[PDB]
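Enquirer: Make a model of this:
(2 chains, ligands or ions: 14)
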Number of protein chains: 2
Amino acid sequence: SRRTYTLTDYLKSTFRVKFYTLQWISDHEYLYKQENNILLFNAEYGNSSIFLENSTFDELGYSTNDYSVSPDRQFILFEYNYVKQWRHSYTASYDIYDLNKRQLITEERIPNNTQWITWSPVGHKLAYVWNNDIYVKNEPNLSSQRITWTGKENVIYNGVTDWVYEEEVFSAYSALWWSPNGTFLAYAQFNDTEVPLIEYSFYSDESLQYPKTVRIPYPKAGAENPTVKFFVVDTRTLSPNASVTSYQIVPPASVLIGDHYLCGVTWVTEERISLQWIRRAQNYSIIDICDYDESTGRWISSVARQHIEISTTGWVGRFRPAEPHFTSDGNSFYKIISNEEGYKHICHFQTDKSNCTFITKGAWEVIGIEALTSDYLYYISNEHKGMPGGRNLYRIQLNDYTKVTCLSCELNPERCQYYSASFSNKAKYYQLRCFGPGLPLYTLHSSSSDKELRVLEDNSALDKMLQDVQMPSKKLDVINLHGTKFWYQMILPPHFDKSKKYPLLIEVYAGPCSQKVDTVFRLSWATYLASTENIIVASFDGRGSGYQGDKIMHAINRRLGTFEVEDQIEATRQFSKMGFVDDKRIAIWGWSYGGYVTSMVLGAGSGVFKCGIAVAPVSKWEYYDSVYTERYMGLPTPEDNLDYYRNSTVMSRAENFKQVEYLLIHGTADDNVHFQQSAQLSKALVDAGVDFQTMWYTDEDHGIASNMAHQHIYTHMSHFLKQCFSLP
Amino acid sequence: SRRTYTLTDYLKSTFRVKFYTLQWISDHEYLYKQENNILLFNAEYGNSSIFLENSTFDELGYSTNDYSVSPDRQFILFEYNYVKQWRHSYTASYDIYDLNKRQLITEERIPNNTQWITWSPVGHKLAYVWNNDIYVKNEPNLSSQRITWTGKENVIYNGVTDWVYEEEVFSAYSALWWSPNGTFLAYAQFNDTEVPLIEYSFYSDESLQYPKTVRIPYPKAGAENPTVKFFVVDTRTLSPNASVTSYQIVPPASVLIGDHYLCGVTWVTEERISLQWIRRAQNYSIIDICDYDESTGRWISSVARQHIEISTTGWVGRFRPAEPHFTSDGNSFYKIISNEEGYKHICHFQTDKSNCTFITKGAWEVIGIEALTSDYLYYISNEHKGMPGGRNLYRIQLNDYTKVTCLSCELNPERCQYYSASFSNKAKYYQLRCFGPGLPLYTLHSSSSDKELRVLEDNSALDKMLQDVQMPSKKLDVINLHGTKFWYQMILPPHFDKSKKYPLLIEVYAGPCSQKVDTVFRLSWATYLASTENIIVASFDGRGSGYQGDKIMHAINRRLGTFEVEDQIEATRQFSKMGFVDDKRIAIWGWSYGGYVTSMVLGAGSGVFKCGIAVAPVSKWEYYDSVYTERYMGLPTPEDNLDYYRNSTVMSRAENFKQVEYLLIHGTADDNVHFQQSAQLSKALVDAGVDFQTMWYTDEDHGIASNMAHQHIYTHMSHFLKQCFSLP
Ligand SMILES: *[C@@H]1O[C@H](CO)[C@@H](O[C@@H]2O[C@H](CO)[C@@H](O)[C@H](O)[C@H]2NC(C)=O)[C@H](O)[C@H]1NC(C)=O
Ligand SMILES: *[C@@H]1O[C@H](CO)[C@@H](O[C@@H]2O[C@H](CO)[C@@H](O)[C@H](O)[C@H]2NC(C)=O)[C@H](O)[C@H]1NC(C)=O
Ligand SMILES: *[C@H]1O[C@H](CO)[C@@H](O[C@@H]2O[C@H](CO)[C@@H](O)[C@H](O)[C@H]2NC(C)=O)[C@H](O)[C@H]1NC(C)=O
Ligand SMILES: *[C@H]1O[C@H](CO)[C@@H](O[C@H]2O[C@H](CO)[C@@H](O)[C@H](O)[C@H]2NC(C)=O)[C@H](O)[C@H]1NC(C)=O
Ligand SMILES: *[C@@H]1O[C@H](CO)[C@@H](O)[C@H](O)[C@H]1NC(C)=O
Ligand SMILES: *[C@@H]1O[C@H](CO)[C@@H](O)[C@H](O)[C@H]1NC(C)=O
Ligand SMILES: *[C@@H]1O[C@H](CO)[C@@H](O)[C@H](O)[C@H]1NC(C)=O
Ligand SMILES: *[C@@H]1O[C@H](CO)[C@@H](O)[C@H](O)[C@H]1NC(C)=O
Ligand SMILES: *[C@@H]1O[C@H](CO)[C@@H](O)[C@H](O)[C@H]1NC(C)=O
Ligand SMILES: *[C@@H]1O[C@H](CO)[C@@H](O)[C@H](O)[C@H]1NC(C)=O
Ligand SMILES: *[C@@H]1O[C@H](CO)[C@@H](O)[C@H](O)[C@H]1NC(C)=O
Ligand SMILES: *[C@H]1O[C@H](CO)[C@@H](O)[C@H](O)[C@H]1NC(C)=O
Ligand SMILES: NCC1(c2ccccc2)CCCC1
Ligand SMILES: NCC1(c2ccccc2)CCCC1
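Expert: Residues are numbered from 1 along each chain as shown, chains lettered A, B, ... in the order given. Ligands and ions are numbered 1, 2, ... in the order given. Structure as follows:
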């Protein structure tokens, strides 16, 4: 009799899922923004005090989207006037507020359009990037000092990444790294002089008479890449009438051979920095640990402190090589790498020795190292119940790898199987974050007694609202393909009657090291399709997917568009044989890589799918960026992998689309998967005489995330889907 | 029992409509390309001879799309390697073939990428434009002489028009004019230095890794326009070691005041040239007749030889002021202008007097003056039967305006009501071209006996094919609106049963001075919709339409988007009341201006239309070019017509689209109605929460005319239409 989860409920977020975001500022204290008030909580006693009243934000231009308190707690930074750029980058305005004299620094302010800013790890120094140059302010009220002079739009980047490093290498816009005690400021410089430009029209507000052309240095497969340099600036000598004292650290010879990338920076101590470089091929990476020479100011490296990591069956790491986690002394480190069996586990390395020792093993994988003390190492893995789509926090004794405890496994076995964690300094306390399968749950714990100090947020409000509505259920299970067991999930309609025949909707991603099958709780479009439209929405992780060993992940090496596409078809074929699926009404959709896979499926002529929707899909790999594409496909030259580049385009399967109903969608301002991709795909379908539907979204980028576009696209795909399934 | 005219029949042109293209080369001879053979016909005796065997084209690179024989018949020009640009412009390669020594000129050839080329009116001189500069060749085998040095891509144009002059002023790419006896070569120079650039992406062949950006100097409403200069070059002194002798003719002071355009050039005699200029406003034009001064080389003008033409209720002429037609002596001319009642008729002017005398009158209009001898004047009008959508050839005695004969009216009253004509030199013979309502019919006639020498093409083959198929019928009639009678047409399905109720498709254009209702025979998409899908396709010419007097045409002056849109709604409303139309299923579609109107109707909230399709529509007048837009709307400034510019956008009616099914289509490479227009329109619909369909066509220009795109768009609109009409 109750209501169903509606499209409007989804599009409007009428069912709010709460969370708990905190920032640790010591080994037992943390800040929390509550009702626009910044409160200081003491993990020990649970008591809190007001750190900054809600009545201070009231007048800072307008909305204050973010804050950052200096480590010495003397100042606070206010971020506002946010202007988004790519996936991670953006520019903003900042105000510095003196917490002592409780005033607002007015002289020597931070520039407008600041690209990045950060306090030093200690004290209250500031470093920021503006107009592609780096500046340092020793005091909030004193004049900043310019560190670089080469900054230049679309050419030289100091302190921040260019387009490709942001998206594929750093997964961040930032390229600045203060040393632990603020002595040194390390940064990377990117040169895009020889990178070709992708250009597209941005129409802007209706009042703009002429469209403007956006230009981005974007390297497509096999094109010229940006070069990079790494510098360590000694901030001690920074003065208005002094030059900048900096040293340039170059990569090891084994990398200087040809094109390469800087993929990681980690400070070990005030005089020891760790750099991780990888060759353009991405099957050879190396860690170079450089020591500061106090009598020359040089950062020296030695072959003894270099650690090589290669891959013979594919690429190194998941999306990039894993980061090293050093001990306080810096004489050793722990890092995730592939073991003998192809599973990723933690290996213990000695800084000046090449041999490492695995401290974990099994047919499961370590997702990442979370914290490290002199006695324990905390990490996250999907070992529990052997569920690759589950996550838990584990702790292992460093003096006896035999003693490993699961800190999250049994807290709420039914409600919580997917966690992430955030540790305080020195790992004395930690917040545990549960994302499903039940309602998210945030908790605070002590590392000494493993006791649960308290419940930070349990979403009891959401629970209330949902018991009044007919929610669908999510079931996870397994099936066999090629003698290998793979996972899949199904969002089943309320009051699921294994008798009736329901229409199926396959939602796919399926890109290298992907995971669409997990135990995370999500109020999604699928929630609505199952709840209101009685459609079954399933997902499957086959060959190429991650967190199940290099064996399954590297299956699609140098051959994207083959096995992962084929496995979606065979898995759907097995789903359609289970009596509760109307094989006459099967569809599939995806975004990005899921859009590519969706298209490849539809064009396979399997006769299995009736219709499909592709949103901002890749259509030809030579159109995508160099870092991501080459990592799996090599170079598109007749000497390397051109043949597999050519027969993996969606265009080459155009004729087969005559057998299905296809919906192609794309944002005209997509800086990531260029509109070109869909423009070229549609032209191939037109030339083949194939009828299909289209939908462009003016000025929307890769996310197609503006409030109105977001609502419009899901509304549109719903009509298309219901038309195809003959649903009223 | 027979077949119906199918979509495939239309898309593939299975039913060929033949024509007869000839080129007059004297007062009694003409050339005709037959089976790749150039034959020379003698109108007098009807006998023909081979002028150039089909066996000469065989090897000229490849296909020879066109030929041009010099007037002295000594040479012939072969055009090939055609590369289209805008609506009229294109570049090509040319070979000169010596008809005497029957050889092929090999030395001093014509450049590749030639923009325009033409023989002189006599002899065998040649003038051509290459890289925006003019060149003259006195002999096919001799070196050409460069005439201009200012040529520059997207900036200076010598001898050819820029984008806006090509599309809106000259309706041609050409800007060169030889004098009657080849002495002088006149040309216009266009400067686009200050014209803003419209830019858009061209994706090209799938193999192009990066899309290229096309840039065109295009002036939008109120923007900076291109300036122009007119020169008369004396070719007699052209020599390799001599400078160029030329004179610059400037416009009359009444035009130099502000911005203006050169809209017409006409040579009167070897020493008298006629220039027609118009102000940017386009409600004031003037004809300046300049005489050559043999002792100074100057081209002099006098106030006595100037003729002003203004409009107080709108703009001058139809799309541009009509051209003057001078007598051999050049002492007088005949030109179409609006009379006292607002109807366009022929006025007789004296070159040095300001008063003219109308030689025709009535509630009908003269379409154009076709030929002029010392005894008669031939013209075309829609006077017959008072049908504004009919055309006929008339002849009027110059010494007695009372004697006027209709030469085409009664030849085939049932089969032919729409003619055009082509006269030989001195008007001794003429070809008559009938375009409907029956099958096209070409005939050759003598001016002396008005006798029909012979039938050039009667399409008897097409007649044969069509009697085997169920063709629809076209009926023309009238209806009253605001006390004024307007015309409309309906393509009725075969075996039309005035009983049953059929869905109605309204095909609209309705732009200023347009005519959708005529008696021309057309194998169109509508032919298929009526014949096979049993849909009625109607068209209506209301306020704003042409050929019915300035009264009706100037109705929409300074207010586009109002009356012509409203009249389509009221006329459809009256059509729906006629018992044979299903009021529940009515649609409307259009192209360009028809797309605008179509969209303005769908957004009127009249409740009359269920669905509609708009192809490459204008959505906001400030986005269209200056010449066309300003002609009807004035300037978009608060001092002029900004208010009507703002409330006539399609966007302002977005909310109303929630009541209809809308299909928006646009070529991404449209240089005319920029993709911007539809991009901005769709964004307004998305912001309003309106659901609608879309369809972009990669790299297609304004015509969307590539073979595959052509077939695809009509196939797509047919599915949309049938979905909306619930037709299987
Ligand atoms: C591209 O072409 C290759 C080579 O023909 C395809 O690889 C074969 O795929 C078939 C599946 O139909 C397998 O039976 C063979 O074992 C494969 N051979 C190799 C060399 O792996 C590949 O599937 C094609 N890729 C795409 C995207 O269609
Ligand atoms: C094309 O038109 C532009 C006007 O914009 C001319 O440029 C001006 O030329 C004069 C004289 O040389 C200079 O004093 C101005 O400074 C120029 N202004 C600009 C906008 O550049 C240009 O010379 C013209 N070219 C031709 C071939 O006529
Ligand atoms: C700043 O802080 C006060 C609390 O100290 C906020 O007041 C609370 O508001 C929530 C709902 O918004 C109530 O449920 C609490 O009970 C309120 N507490 C009090 C003091 O009554 C106040 O809303 C905040 N100011 C702003 C900017 O909204
Ligand atoms: C918007 O501009 C004017 C503003 O009123 C509109 O008004 C005109 O058209 C009406 C038709 O409903 C007439 O009733 C008004 O009298 C007439 N106003 C004037 C001053 O003559 C006009 O129609 C609108 N144009 C568009 C495109 O919507
Ligand atoms: C919490 O209370 C303790 C005493 O039990 C005090 O020492 C501490 O400073 C307080 N922490 C806060 C809320 O800052
Ligand atoms: C950027 O790279 C280009 C191309 O190699 C080079 O010419 C230029 O000097 C470099 N600039 C800097 C600041 O490194
Ligand atoms: C730095 O130099 C400027 C003049 O160039 C001078 O005004 C200022 O006093 C100097 N600062 C220091 C550190 O003395
Ligand atoms: C590393 O990748 C390159 C790129 O093709 C390849 O030639 C080489 O064999 C690879 N090396 C390993 C360790 O597999
Ligand atoms: C037709 O024949 C006549 C002979 O009476 C001749 O004069 C004429 O040139 C011929 N027509 C042509 C040009 O083929
Ligand atoms: C014309 O100029 C050319 C180029 O300098 C020269 O070779 C030629 O002799 C000149 N013609 C004469 C002789 O007048
Ligand atoms: C000519 O047209 C312009 C266009 O705005 C107008 O301002 C001017 O008054 C008009 N004059 C005549 C003769 O109609
Ligand atoms: C060219 O014309 C001749 C005329 O005799 C004709 O017979 C021949 O078929 C034609 N050749 C072609 C197809 O070009
Ligand atoms: N850029 C890497 C990703 C991608 C791949 C193909 C297409 C779009 C986006 C894959 C993982 C995050 C985004
Ligand atoms: N520009 C001239 C035309 C037009 C008008 C509006 C929109 C597109 C095209 C009007 C007549 C021919 C084409």
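
Enquirer: what's around whatever residue of the stretch 201-350 of chain A ends up closest to ligand 5, how many residues?
Expert: Closest residue of the stretch 201-350 of chain A to ligand 5, C-beta to the nearest ligand atom: residue A:328 (27.5 Å). Any C-beta I mention is one placed from the backbone N, CA and C, and that applies to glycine too. For residue A:328, the count of nearby residues is 11 (other C-beta atoms under 10 Å in any protein chain shown).

Enquirer: give the contact list for it.
Expert: residue A:374 (C-beta atoms under 8 Å, 6 or more residues apart in numbering or on different chains).

Enquirer: Can you tell me the SS state at it?
Expert: Three-state call for residue A:328 (DSSP: H, G, I helix; E, B strand; the rest coil): coil.

Enquirer: quick one: buried residues of stretch A:153-163?
Expert: A:155, A:156, A:157, A:158, A:159, A:160, A:161, A:162, A:163 (16 or more other C-beta atoms under 10 Å in any protein chain shown).

Enquirer: Now do the same contact list for the second one.
Expert: The one in question is residue A:156. Residue A:156 makes contact with A:132, A:150, A:189, A:190, A:191, A:192, A:193 under the criterion C-beta under 8 Å, 6+ apart.

Enquirer: In chain A, where's the longest helix?
Expert: helix A:707-724 (DSSP state H).

Enquirer: can you pull the buried residues of it?
Expert: Buried-residue list, helix A:707-724, by 16+ other C-beta under 10 Å: A:709, A:711, A:712, A:713, A:714, A:715, A:716, A:717, A:718, A:720, A:721, A:724.

Enquirer: quick one: the helices in chain A?
Expert: A:7-12, A:163-164, A:253-256, A:460-466, A:525-531, A:550-553, A:563-577, A:593-602, A:626-633, A:642-646, A:675-687, A:707-724.

Enquirer: So which of these is nearest residue A:237?
Expert: helix A:253-256 (29.3 Å; C-beta to C-beta).

Enquirer: from the middle of its chain, how far away would the closest one be?
Expert: How far helix A:253-256 lies from its chain's middle: 29 Å, per C-alpha atoms, centre = their mean, to the nearest Å.

Enquirer: The residue in the stretch 1-150 of chain A that ligand 13 sits nearest to and ligand 5, how far apart?
Expert: Nearest residue of the stretch 1-150 of chain A to ligand 13, counting by C-beta to the nearest ligand atom: residue A:87, 8.1 Å away. According to C-beta to the nearest ligand atom, to the nearest Å, residue A:87 stands 37 Å off from ligand 5.

Enquirer: Next, count neighbours for that residue.
Expert: Neighbours of residue A:87 under the rule other C-beta under 10 Å: 17.

Enquirer: For residue A:626, which non-adjacent residue is closest in space?
Expert: Nearest residue to residue A:626 in three dimensions, chain neighbours excluded: residue A:219, at 4.3 Å (C-beta to C-beta, 6 or more residues apart in numbering or on different chains).

Enquirer: returning to what we had before: who are the packing partners of the longest helix of chain A?
Expert: helix A:7-12, helix A:525-531, strand A:581-591, strand A:611-615, strand A:661-667, strand A:693-697, helix B:675-687 (3 or more C-beta pairs under 8 Å, 6 or more residues apart in numbering or on different chains; DSSP states H and E).

Enquirer: Not counting its neighbours along the chain, what's nearest residue A:351?
Expert: With sequence-adjacent residues excluded and distances taken as C-beta to C-beta, 6+ apart, residue A:351 is closest to residue A:331, at 5.3 Å.

Enquirer: returning to what we had before: how about the buried residues of stretch A:153-163 in TSV, adding distance to residue A:640?
Expert: As requested, these are arranged in TSV below (distance: C-beta to C-beta, whole Å):
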residue	distance to residue A:640
A:155	29
A:156	31
A:157	29
A:158	34
A:159	34
A:160	32
A:161	27
A:162	25
A:163	24
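
Enquirer: Out of the residues you listed, which sit inside strands?
Expert: Those of those mapping onto strands are A:156, A:157, A:158, per DSSP state E.

Enquirer: Of the helices of chain A, which stretch is the most buried?
Expert: helix A:593-602 (a mean of 28; mean count of other C-beta atoms under 10 Å in any protein chain shown).

Enquirer: close to ligand 1, is that one?
Expert: No. Figure legend: helix A:593-602 not in contact with ligand 1 (C-beta under 6 Å from any ligand atom); closest approach 6.8 Å.

Enquirer: what number of residues lie near residue A:369?
Expert: If you count neighbours by other C-beta under 10 Å, residue A:369 ends up with 19.

Enquirer: now swap in residue A:200 and tell me
Expert: Residue A:200 has 20 nearby residues by other C-beta under 10 Å.

Enquirer: residues in contact with it?
Expert: So residue A:200 contacts A:213, A:214, A:668, A:669, A:671, A:674, A:675, B:201, B:211 (C-beta under 8 Å, 6+ apart).

Enquirer: List just the nearest of the residues you listed to residue A:634.
Expert: So of the contacts of residue A:200, ranked by how close each gets to residue A:634 (C-beta to C-beta), first place is residue A:674, at 21.6 Å.

Enquirer: Residue A:198 is in contact with the closest one, correct?
Expert: Yes. Judged on C-beta atoms under 8 Å, residue A:674 makes contact with residue A:198 at a distance of 5.9 Å.

Enquirer: What's the local residue count around residue A:410?
Expert: By the criterion of other C-beta under 10 Å, residue A:410 has 10 neighbours.

Enquirer: any idea how far it lies from ligand 7?
Expert: Look at residue A:410 and ligand 7: by C-beta to the nearest ligand atom, they are 62 Å apart.

Enquirer: same deal with residue A:561?
Expert: Distance, residue A:561 to ligand 7, by C-beta to the nearest ligand atom: 62 Å.

Enquirer: ok, that residue - how many residues close by?
Expert: Counted with other C-beta under 10 Å, residue A:561 comes out at 23.

Enquirer: got it, and residue A:48?
Expert: Residue A:48 has 15 nearby residues by other C-beta under 10 Å.

Enquirer: residues making contact with stretch A:352-369?
Expert: Here stretch A:352-369 makes contact (C-beta under 8 Å, 6+ apart) with A:302, A:304-305, A:307-308, A:322, A:325, A:331, A:334-337, A:339, A:341, A:343-350, A:377-383, A:386, A:388, A:391, A:396, A:401, A:404, A:547-549.

Enquirer: same deal with stretch A:409-424?
Expert: The contact list for stretch A:409-424 (C-beta under 8 Å, 6+ apart) reads A:22, A:24, A:26-30, A:43, A:370-371, A:378, A:380, A:384-385, A:387, A:389-393, A:408, A:429-439, A:441, A:443, A:447, A:452, A:518-520.

Enquirer: Show me how to select, in ChimeraX, the buried members of these.
Expert: Applying 16+ other C-beta under 10 Å to the contacts of stretch A:409-424, the buried members can be selected in ChimeraX as follows:
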select /A:22,24,26,28,29,30,43,370,371,378,380,384,387,389,390,391,392,393,408,429,430,431,432,433,434,435,436,437,438,439,441,443,447,518,519,520
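
Enquirer: Distance of the closest residue to ligand 13 within the stretch 101-250 of chain A relative to ligand 9?
Expert: Minimum separation of the stretch 101-250 of chain A from ligand 13 (C-beta to the nearest ligand atom) falls at residue A:167, amounting to 5.2 Å. Separation of residue A:167 from ligand 9 (C-beta to the nearest ligand atom) stands at 74 Å.
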